[PDB]
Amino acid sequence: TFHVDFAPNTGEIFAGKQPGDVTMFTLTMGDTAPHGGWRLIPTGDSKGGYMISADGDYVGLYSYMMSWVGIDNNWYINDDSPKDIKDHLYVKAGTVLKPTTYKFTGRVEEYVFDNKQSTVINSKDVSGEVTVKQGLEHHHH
């Protein structure tokens, strides 16, 4: 019953200084069965909550619905509802993007609370790449 859908967004991302907050990825997750909440752990090179250019540049991602705990290295939201959670990760206006591909890896865990603690009852590794286009080339001689 545990389902996860992590996907990059489609088309129209332009290299340069973003004029607004821009979704890079979207995440949909849900469960009818009893649960405590959800985290997304940014894994590997995404550790710290980042996207990674094949070149090696890191870009900071934010979560619209979840909160970030640096110490634990995850985004979480506590939710018990059997309703679908629709989050996405985005970069903040003013972020400079480069006309390249950016990877994101991490792991999505569902959890439970029995009294004092959380345990992982379900998990899914997730990844995604997002390709940023150049607009017009600009040639100055």
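Note that residue numbering follows the sequence shown and begins at 1.
When the C-alpha B-factors of 103-111 and 25-33 are averaged, 25-33 comes out higher.
Higher mean CA B-factor, judged across 73-81 and 59-67 from the recorded values: 73-81. When the modelled residues of the chain are ordered by their C-alpha B factor, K86 lands in the highest third. In the PDB entry, a CA B factor belonging to the highest third of its chain's modelled residues is recorded for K116.
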